[PDB]
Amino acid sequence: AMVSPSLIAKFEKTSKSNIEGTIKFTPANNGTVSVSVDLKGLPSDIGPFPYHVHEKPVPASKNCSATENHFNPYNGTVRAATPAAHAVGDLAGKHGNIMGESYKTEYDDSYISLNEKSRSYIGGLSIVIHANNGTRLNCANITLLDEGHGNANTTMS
């Protein structure tokens, strides 16, 4: 039986933002994906910080505007009364905004997919972290977590 590969988004500190850390996505139990957030350097007083999967990659320029709109294949809404009514990539709307100067949390999401054949696939997309007023503060591409794959391989970074 096939299992889809884990993913990661690596945020780096630059003159544009002190936010740095990672969001890891790993297959979990009962058709869910475990999301592990580990971030520091957040500008707390302009949060709390929504964060979402966006539609386009972060380009080499690191312009978070270039990630364009939210990943929302099923046309969910920004506000809702049950998790499934939010966009697939609306992680903060379903699970909580990032908050504080540092934020470390783990949770399962039952909508994002690691499977490239799924309409809910998030590989190759991006994550944007926003100030509370919507300004995009930092962003990262969603890439493979492990260097080595296949049923005859090990991984050894």
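Throughout, we count residues from 1 along the sequence that is shown.
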Practice task
Take the C-alpha B-factors listed in the entry for 148 to 156 and for 4 to 12, compute each mean, and give the stretch with the larger one.
Solution key: 148 to 156
Problem - Segment of higher mean CA temperature factor, 129 to 137 or 16 to 24 - result: 129 to 137
Handout entry: Residue of maximum C-alpha B factor among 90, 55, 38, 108, per deposited coordinates
Key = 55
Problem - Highest-ranked of 98, 122, 64, 46 once sorted by CA temperature factor in the record - result: 46
Practice task
Determine, from the deposited record, the chain-internal third of the Cα B-factor for residue 59: lowest, middle or highest.
Solution key: lowest
Exercise for the section: Using the B-factor values recorded in the entry, state whether the Cα atom of residue 104 falls in the lowest, middle or highest third among the modelled residues of its chain. Expected result: lowest
